[PDB]
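Below is one structure; the comments refer to it alone.
Neighbour counts run over all protein chains shown; Cβ positions are idealised from the backbone, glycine included. All of the numbers you see were taken from the coordinates with simple rules; none came from a lab.
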């Protein structure tokens with residue numbers, strides 16, 4: 001019950017911050033809060049476990065708006081970088 | 001450029017070691033953007049950045065007991081209070 | 001080019017409807033419009049191909065808010081229905 | 001109720017034929033709601049009903065040529081105009 005009280009106080013006190021925590025800090029705070037109060041997520045969110053598909057979308061979405069030419073140019077530079085690093 | 005792209009795309013198959021995950025992501029993203037262009041549909045949720053972030057954040061803590069998660073929240077909250085002030 | 005013109009006219013004329021088409025009609029209209037102008041969807045949207053996971057979420061989400069008792073009661077009636085239909 | 005649920009859940013494993021998809025969905029949804037309760041997280045996108053509907057609608061037409069999709073759009077549009085009026 002000591003922990004419960006300290007949790008209740010921490011949760012309200014973090015509302016008083018004089019500056020906004022960065023994204024990763026807000027994620028850690030949120031994750032812990034839910035896990036503490038709710039426990040494990042209780043359903044497999046479709047796709048969320050599709051790590052390959054998510055990675056491809058994220059990777060490709062990052063390049064949204066790059067023209068054909070600029071994406072082609074960049075691919076070559078990246079490929080050359082990996083070839084230099086690892087060898088062929 | 002086209003010829004250099006075709007050669008680079010084939011040559012990268014010859015690598016003597018597997019690039020790390022971030023390296024493969026950058027290569028894949030550029031390859032698709034080059035050959036295909038913009039993704040042509042809004043993938044449901046994928047643009048739901050708030051919802052995605054919450055799921056990732058919370059999924060990372062899968063398996064922590066109530067007590068450990070409670071204890072850790074308090075430490076994190078106190079950590080943020082020390083860092084930013086109240 | 002005859003088809004293109006008829007498409008352009010149909011697409012603008014459907015805006016003039018005196019009543020809103022039902023959901024399935026709007027879906028068919030939208031699907032055809034995109035397929036005509038854009039072609040195939042060009043990325044696998046994570047999860048969207050996870051048909052098992054999507055079906056479970058949809059099935060369970062439909063029951064959101066049912067109390068334990070009412071969901072338990074209903075499960076039994078449903079199970080009894082399937083047992084009567086198919087046999088055991 | 002609990003006992004009747006436990007018996008029903010086991011007995012439905014004994015079915016002599018596989019229920020259709022909608023039947024399995026209803027059974028599954030009720031089972032989870034009974035044992036687990038409400039889904040405890042908003043699954044990204046799943047609540048994006050507009051985006052989901054668009055993807056489903058468009059995915060259904062995967063593989064139609066430009067011409068066939070164009071021709072069919074016109075027929076559908078004319079169909080809706082005849083039905084609802086303009």
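Kindly evaluate residue C:44 against the criterion of being within 20 Å of residue D:17 (Cβ to Cβ) and free of Cβ contacts under 8 Å to residues at least 12 places away in the same chain. Criteria not met by residue C:44. Identify all residues within segment A:1-48 that are within 14 Å of the chain's Cα centre (by Cα) and closer than 30 Å to residue C:62 by Cα; write none if there are none. Correct list: A:27, A:30, A:31, A:48. For segment A:60-75, indicate whether the set of residues that are within 14 Å of chain C (Cβ to nearest Cβ), buried (at least 19 other Cβ atoms within 10 Å of the Cβ) and under 20 Å from residue B:35 (Cα atoms) is non-empty. Among the residues of segment A:60-75, at least one is within 14 Å of chain C (Cβ to nearest Cβ), buried (at least 19 other Cβ atoms within 10 Å of the Cβ) and under 20 Å from residue B:35 (Cα atoms), which makes the answer yes. Only a single criterion out of (1) more than 14 Å from chain D (Cβ to nearest Cβ); (2) surrounded by 20 or more Cβ atoms within 10 Å (Cβ to Cβ); (3) assigned to a loop (DSSP other than H, G, I, E, B) is not satisfied by residue B:34, namely (3).
For segment D:51-67, the count of residues that are under 30 Å from residue A:35 (Cα atoms), out of contact with any helix residue (DSSP H, G or I) (no Cβ under 6 Å at 6 or more places or on another chain), at the interface with another protein chain (Cβ under 7 Å from one of its Cβ atoms) and part of a helix (DSSP H, G or I) is nonzero. If the condition is being within 7 Å of another protein chain (Cβ to nearest Cβ) and either surrounded by fewer than 17 Cβ atoms within 10 Å (Cβ to Cβ) or touching a residue at least 12 places away in the same chain (Cβ under 8 Å) (or both), then segment A:12-29 contributes A:13, A:14, A:16, A:17, A:18, A:19, A:25, A:29. If you go through segment D:5-23 and keep only what is closer than 14 Å to residue D:35 by Cβ and free of Cβ contacts under 8 Å to residues at least 12 places away in the same chain, you end up with D:6, D:8, D:10.
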